[PDB]
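Structure first, commentary second.
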Amino acid sequence: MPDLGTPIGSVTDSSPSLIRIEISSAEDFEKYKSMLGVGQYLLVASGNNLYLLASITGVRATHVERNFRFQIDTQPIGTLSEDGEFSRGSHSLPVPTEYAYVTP
Amino acid sequence: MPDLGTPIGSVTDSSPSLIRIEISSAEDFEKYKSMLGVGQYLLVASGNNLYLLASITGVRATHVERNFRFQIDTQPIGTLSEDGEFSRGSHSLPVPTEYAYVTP
Amino acid sequence: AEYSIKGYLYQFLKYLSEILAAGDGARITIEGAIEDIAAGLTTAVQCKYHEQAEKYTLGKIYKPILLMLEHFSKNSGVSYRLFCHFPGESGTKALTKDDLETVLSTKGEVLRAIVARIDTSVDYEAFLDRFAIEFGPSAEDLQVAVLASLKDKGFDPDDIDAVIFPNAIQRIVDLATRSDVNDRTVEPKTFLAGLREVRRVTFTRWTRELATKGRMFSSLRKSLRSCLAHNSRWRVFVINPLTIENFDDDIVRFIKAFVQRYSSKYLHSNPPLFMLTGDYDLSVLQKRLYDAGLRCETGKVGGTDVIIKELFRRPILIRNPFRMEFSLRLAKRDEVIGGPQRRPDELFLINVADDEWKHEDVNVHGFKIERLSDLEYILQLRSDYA
Amino acid sequence: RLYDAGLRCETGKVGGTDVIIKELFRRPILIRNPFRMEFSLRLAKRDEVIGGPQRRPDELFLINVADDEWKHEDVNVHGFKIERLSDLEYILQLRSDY
Amino acid sequence: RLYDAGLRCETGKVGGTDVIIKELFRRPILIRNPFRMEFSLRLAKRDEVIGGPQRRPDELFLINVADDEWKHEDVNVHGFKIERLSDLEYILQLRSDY
């Protein structure tokens, strides 16, 4: 409902039981490192006026020169609407090129 | 607290459960070979004014031409601030390009 | 000379207890100690302190009287006082003429040596009318009483010890000694609001020698930890070098420490900035830092005037082998005009009242220092202080 | 004017008026992909430059100068005489025709 | 002088003035990447070299000399007469124009 803020990243691979997210910059990760550990939560957009709440199950960091790549694996727990209604059970699937935010 | 010397190597991959360090110079490795065996402890940097302790679980050495590669696999045990306090349990994540030191 | 500050410390602290315990609509003013043109005809006083005896015997305390009488000898208008603590004594005690002569008397070999220095023709009865003596209790209990009183007044418990009380006594010490045109009296109503509105910390000669010395540094050190942990963030410094001692020599030490701890890494993208206010010559410091090993970013293409876009740019960084195009930024405040596109995350004002870069979404920490080592300690560069 | 045009230069000056030999004859940082250069050119005033270099130059170009100290028997000197700079651009292959 | 210029020579001398032939016509060490040459040129006086090579030379350039002991029917023996050294620089394709 409130202003969520600037996003951390975008979706790369999706599935009913798994979502993968990628961060590309070290500043943002160093900034929100506290909020990205196992067991905390993230909000993934799935269409207008809808959001999914996902639990982190893994982080992975690598440096390669063809630069940094950070990968976050998540598991879906439920849906949250714009008004505020929260419903367990998720039918929707998030399409790639969709933003992810940290939970206020 | 004391001067910790000059780094042996740098992080290449990180995770909550594994850190992989790489050495590229034979002279350095021979210099500290005594203190890099399995069971012995290393200090990794995670930000300014904070260190993490890790335990060696594996060492691999390969020479390939297309010079030297030395890989060290580590499993964190806790953190050690500059002032000299130790705490078990680290949810932190070191970012690549950081430095590793031998424990005096 | 002896310059036994504990006496003046007791005196200003007792005045502070008075001011905190004062009626509305009352003006209280103080006389500036001598040791600082001798402004004020009879607004000067000198003191000593001593509290080691089981019972009150005037004999043991010979020493203060000699120098005080000599002090009266040296010049004429200007009062003199004293404070000491022994068990079983309160109030003021007037010595007699024979008793002061006995103090004059060469009871010991040192005293026979000293008496010769004082002139033969000197007042004694007029001197006693001119000089009185005051008793005191244990000093630590007094410093505790001041803080307990302020607690009773009503303040946040944590904020009192760290910031409120040293800055409060600082005003007393400024008033006691100054060379300017202004009043010398303090009314509690206007006094209190000033301290409650403004937030800053002070480290100086008198502040060091207090009861809560250790508790002062750490409380501040602990605030800045969250900030200095980060690898990448904008930091800005503003120093005014008039008051600081041995600036030319220590500044290099401080800069080398700060760079070696906070700007010698590949993840340290944004270096810091130092801005000095005054009539300073930067070329010398720049050359010395060059000899040290570092390289600076001045902002000048032609050594006439500064360009903002060039001063705030990002340097080239190579990983293995590691190099930095530049490790710091240096400039003079006056010359700079305008502001950066992005606001500072932190701004450190040292010996400075106001700056135009301030804003609501920018942190501002302020200090008042006489030695730079206290800042090296505050920023985790060194382990101990004094 | 060179900065206004889009170029960065190395002068050897460190704050002060004095010129240092090491900083002028310095190798620059070069990043391949993406391409960036610490500096493209070096500029100086002769009289302020005192001393000599570490490696004697491979070519030295004298344009309306009679003698210079660095003239040596292992340096490929070339002495000219010009009226306008457009001539030299022809000599150095910059423009197609006189 | 050639050292100051940036080159390295092989003279065939193991300390002593005498010239050991088997150590002047040896093969150098060559790394490809990164490139490096143990030595780039050989240099010696003629009167000192007493002997001959195990394998004969393909071409022999004699400049301003009549006869030598290494002439034979199975070698391409060129002979010139010149008074300045630029002439040879033209013949050998170092300088574009006479």
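Simple scheme: letters A, B, ... for chains in structure tokens order, numbers from 1 for residues in each chain, numbers from 1 for ligands in the order shown.
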
Practice task
Output as a ChimeraX atom specification the set of chain A residues within 12 Å of chain C, with distances taken over only C-alpha atoms.
Solution key: /A:25-33,63,65,67-68

Output file for the residues above (C-alpha atoms, as a PDB file, in the first residue's frame):
ATOM      1  CA  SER A  25      25.405  -3.718  -8.221  1.00  0.00           C
ATOM      2  CA  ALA A  26      27.445  -3.941  -5.041  1.00  0.00           C
ATOM      3  CA  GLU A  27      26.287  -0.639  -3.533  1.00  0.00           C
ATOM      4  CA  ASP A  28      22.628  -1.679  -3.333  1.00  0.00           C
ATOM      5  CA  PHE A  29      23.512  -5.075  -1.883  1.00  0.00           C
ATOM      6  CA  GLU A  30      25.817  -3.556   0.721  1.00  0.00           C
ATOM      7  CA  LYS A  31      22.957  -1.178   1.519  1.00  0.00           C
ATOM      8  CA  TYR A  32      20.232  -3.809   2.014  1.00  0.00           C
ATOM      9  CA  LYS A  33      22.412  -6.700   3.207  1.00  0.00           C
ATOM     10  CA  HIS A  63      32.645 -12.092  -9.691  1.00  0.00           C
ATOM     11  CA  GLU A  65      34.938 -10.771 -16.175  1.00  0.00           C
ATOM     12  CA  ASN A  67      31.501  -7.939 -13.068  1.00  0.00           C
ATOM     13  CA  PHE A  68      29.342  -8.934 -10.111  1.00  0.00           C
TER      14      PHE A  68
END

Problem - 10 Å contact set for segment 91-105 of chain C, only C-alpha atoms, chain neighbours under 5 positions out, as an NGL selection string - result: :C and (58-63 or 65-66 or 69 or 83 or 111-112 or 114-115 or 124-125 or 128-129 or 131-136)

With all Cα atoms paired residue by residue, do a least-squares superposition of chain E on chain D and hand back the transformed coordinates as a PDB file with C-alpha atoms, in the first residue's frame.
ATOM      1  CA  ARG E   1      40.886  25.409 -23.838  1.00  0.00           C
ATOM      2  CA  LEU E   2      41.971  21.807 -24.336  1.00  0.00           C
ATOM      3  CA  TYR E   3      39.724  20.908 -21.420  1.00  0.00           C
ATOM      4  CA  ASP E   4      36.782  22.630 -23.061  1.00  0.00           C
ATOM      5  CA  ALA E   5      37.635  20.726 -26.242  1.00  0.00           C
ATOM      6  CA  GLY E   6      37.493  17.321 -24.577  1.00  0.00           C
ATOM      7  CA  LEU E   7      41.038  16.403 -23.623  1.00  0.00           C
ATOM      8  CA  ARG E   8      43.203  16.047 -20.525  1.00  0.00           C
ATOM      9  CA  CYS E   9      46.850  16.975 -20.046  1.00  0.00           C
ATOM     10  CA  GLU E  10      49.636  16.097 -17.620  1.00  0.00           C
ATOM     11  CA  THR E  11      51.833  18.976 -16.480  1.00  0.00           C
ATOM     12  CA  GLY E  12      53.952  17.339 -13.774  1.00  0.00           C
ATOM     13  CA  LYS E  13      52.986  19.809 -11.047  1.00  0.00           C
ATOM     14  CA  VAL E  14      52.070  18.587  -7.562  1.00  0.00           C
ATOM     15  CA  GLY E  15      50.322  21.791  -6.604  1.00  0.00           C
ATOM     16  CA  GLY E  16      53.410  23.905  -6.796  1.00  0.00           C
ATOM     17  CA  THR E  17      54.735  25.654  -9.855  1.00  0.00           C
ATOM     18  CA  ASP E  18      57.903  23.547  -9.778  1.00  0.00           C
ATOM     19  CA  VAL E  19      57.963  20.650 -12.253  1.00  0.00           C
ATOM     20  CA  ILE E  20      58.666  17.157 -10.923  1.00  0.00           C
ATOM     21  CA  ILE E  21      60.206  15.194 -13.776  1.00  0.00           C
ATOM     22  CA  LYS E  22      59.423  11.757 -12.374  1.00  0.00           C
ATOM     23  CA  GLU E  23      55.692  12.564 -12.544  1.00  0.00           C
ATOM     24  CA  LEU E  24      55.600  13.835 -16.134  1.00  0.00           C
ATOM     25  CA  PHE E  25      57.088  10.795 -17.881  1.00  0.00           C
ATOM     26  CA  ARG E  26      54.915   8.225 -16.112  1.00  0.00           C
ATOM     27  CA  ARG E  27      52.805   5.503 -17.661  1.00  0.00           C
ATOM     28  CA  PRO E  28      49.016   5.958 -17.736  1.00  0.00           C
ATOM     29  CA  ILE E  29      46.180   3.677 -16.701  1.00  0.00           C
ATOM     30  CA  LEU E  30      44.609   1.919 -19.672  1.00  0.00           C
ATOM     31  CA  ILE E  31      41.427  -0.130 -19.578  1.00  0.00           C
ATOM     32  CA  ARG E  32      40.657  -1.916 -22.830  1.00  0.00           C
ATOM     33  CA  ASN E  33      36.916  -2.622 -22.663  1.00  0.00           C
ATOM     34  CA  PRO E  34      35.340  -0.163 -22.020  1.00  0.00           C
ATOM     35  CA  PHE E  35      38.105   2.081 -23.294  1.00  0.00           C
ATOM     36  CA  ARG E  36      39.507   4.913 -21.215  1.00  0.00           C
ATOM     37  CA  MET E  37      42.740   6.899 -21.038  1.00  0.00           C
ATOM     38  CA  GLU E  38      43.898   8.621 -17.870  1.00  0.00           C
ATOM     39  CA  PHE E  39      45.589  11.269 -19.994  1.00  0.00           C
ATOM     40  CA  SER E  40      46.155  11.757 -23.707  1.00  0.00           C
ATOM     41  CA  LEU E  41      48.971  14.310 -23.940  1.00  0.00           C
ATOM     42  CA  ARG E  42      51.804  15.943 -22.020  1.00  0.00           C
ATOM     43  CA  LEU E  43      52.501  19.673 -22.053  1.00  0.00           C
ATOM     44  CA  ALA E  44      55.209  21.747 -20.398  1.00  0.00           C
ATOM     45  CA  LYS E  45      57.519  24.699 -20.835  1.00  0.00           C
ATOM     46  CA  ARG E  46      61.151  24.014 -21.627  1.00  0.00           C
ATOM     47  CA  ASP E  47      62.846  26.443 -19.248  1.00  0.00           C
ATOM     48  CA  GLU E  48      61.040  24.758 -16.353  1.00  0.00           C
ATOM     49  CA  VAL E  49      62.142  21.185 -17.056  1.00  0.00           C
ATOM     50  CA  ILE E  50      65.556  20.804 -15.416  1.00  0.00           C
ATOM     51  CA  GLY E  51      66.951  17.364 -16.013  1.00  0.00           C
ATOM     52  CA  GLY E  52      66.512  14.596 -18.502  1.00  0.00           C
ATOM     53  CA  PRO E  53      64.700  11.311 -19.007  1.00  0.00           C
ATOM     54  CA  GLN E  54      65.837   7.941 -17.748  1.00  0.00           C
ATOM     55  CA  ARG E  55      65.231   6.440 -21.197  1.00  0.00           C
ATOM     56  CA  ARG E  56      66.124   8.502 -24.232  1.00  0.00           C
ATOM     57  CA  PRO E  57      63.639   9.578 -26.898  1.00  0.00           C
ATOM     58  CA  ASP E  58      63.364   7.776 -30.199  1.00  0.00           C
ATOM     59  CA  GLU E  59      62.482  10.803 -32.334  1.00  0.00           C
ATOM     60  CA  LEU E  60      62.855  14.498 -31.526  1.00  0.00           C
ATOM     61  CA  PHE E  61      61.031  17.030 -33.692  1.00  0.00           C
ATOM     62  CA  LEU E  62      62.538  20.508 -33.494  1.00  0.00           C
ATOM     63  CA  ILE E  63      60.418  23.176 -35.187  1.00  0.00           C
ATOM     64  CA  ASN E  64      62.017  26.596 -35.551  1.00  0.00           C
ATOM     65  CA  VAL E  65      64.736  26.062 -32.952  1.00  0.00           C
ATOM     66  CA  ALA E  66      68.486  25.732 -33.362  1.00  0.00           C
ATOM     67  CA  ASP E  67      69.844  23.501 -30.605  1.00  0.00           C
ATOM     68  CA  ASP E  68      68.688  21.713 -27.468  1.00  0.00           C
ATOM     69  CA  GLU E  69      70.363  19.799 -24.666  1.00  0.00           C
ATOM     70  CA  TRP E  70      68.691  16.480 -25.517  1.00  0.00           C
ATOM     71  CA  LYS E  71      70.513  16.033 -28.813  1.00  0.00           C
ATOM     72  CA  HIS E  72      72.710  12.955 -28.896  1.00  0.00           C
ATOM     73  CA  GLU E  73      74.143  10.554 -31.421  1.00  0.00           C
ATOM     74  CA  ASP E  74      71.607   7.812 -30.650  1.00  0.00           C
ATOM     75  CA  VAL E  75      68.461   9.839 -31.424  1.00  0.00           C
ATOM     76  CA  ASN E  76      66.817  10.732 -34.742  1.00  0.00           C
ATOM     77  CA  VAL E  77      66.915  14.515 -34.623  1.00  0.00           C
ATOM     78  CA  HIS E  78      64.658  16.101 -37.224  1.00  0.00           C
ATOM     79  CA  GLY E  79      64.702  19.821 -37.871  1.00  0.00           C
ATOM     80  CA  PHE E  80      62.322  21.937 -39.913  1.00  0.00           C
ATOM     81  CA  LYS E  81      61.516  25.536 -40.775  1.00  0.00           C
ATOM     82  CA  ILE E  82      57.883  26.505 -41.329  1.00  0.00           C
ATOM     83  CA  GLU E  83      55.744  29.620 -41.104  1.00  0.00           C
ATOM     84  CA  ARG E  84      52.232  28.155 -40.927  1.00  0.00           C
ATOM     85  CA  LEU E  85      51.081  25.147 -38.928  1.00  0.00           C
ATOM     86  CA  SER E  86      49.205  23.485 -41.783  1.00  0.00           C
ATOM     87  CA  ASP E  87      52.599  22.664 -43.275  1.00  0.00           C
ATOM     88  CA  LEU E  88      53.294  20.287 -40.426  1.00  0.00           C
ATOM     89  CA  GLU E  89      49.776  18.923 -40.716  1.00  0.00           C
ATOM     90  CA  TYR E  90      50.706  17.853 -44.230  1.00  0.00           C
ATOM     91  CA  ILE E  91      54.050  16.375 -43.231  1.00  0.00           C
ATOM     92  CA  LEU E  92      52.568  14.312 -40.414  1.00  0.00           C
ATOM     93  CA  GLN E  93      49.708  12.969 -42.598  1.00  0.00           C
ATOM     94  CA  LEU E  94      46.857  14.798 -40.893  1.00  0.00           C
ATOM     95  CA  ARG E  95      45.888  16.737 -44.035  1.00  0.00           C
ATOM     96  CA  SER E  96      45.673  14.959 -47.383  1.00  0.00           C
ATOM     97  CA  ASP E  97      46.806  17.721 -49.738  1.00  0.00           C
ATOM     98  CA  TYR E  98      49.233  20.603 -49.348  1.00  0.00           C
TER      99      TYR E  98
END

Practice task
Name all residues at most 9 Å from residue 58 of chain A (count only C-alpha atoms; drop same-chain ones fewer than 2 positions away) and give them as a VMD selection string.
Solution key: (chain A and resid 37 to 38 56 60 71 to 74) or (chain B and resid 15 to 16)

Exercise for the section: Kindly give the distance, in Å, that separates atom CA of residue 346 of chain C and atom CA of residue 361 of chain C, rounded to a single decimal. Expected result: 9.8 Å

Exercise for the section: Please indicate the distance in Å from atom CA of residue 188 of chain C to atom CA of residue 29 of chain C, rounded to one decimal place. Expected result: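 Answer for the atom CA of residue 188 of chain C to atom CA of residue 29 of chain C separation: 11.3 Å.
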
Practice task
Would you kindly return, as a list in words, each protein, DNA or RNA residue with an atom no farther than 6 Å from any atom of residue 82 of chain B, considering only C-alpha atoms and excluding same-chain residues fewer than 5 positions away?
Solution key: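 Close residues of residue 82 of chain B: residues 1, 49 and 50 of chain B.
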
Practice task
Using DSSP on the backbone, list every residue of segment 17-263 of chain C that comes out as alpha helix (DSSP H), and give them as a PyMOL selection string.
Solution key: chain C and resi 17-20+63-74+97-104+109-115+125-130+139-153+157-159+165-176+188-197+205-208+213-221+225-228+247-262
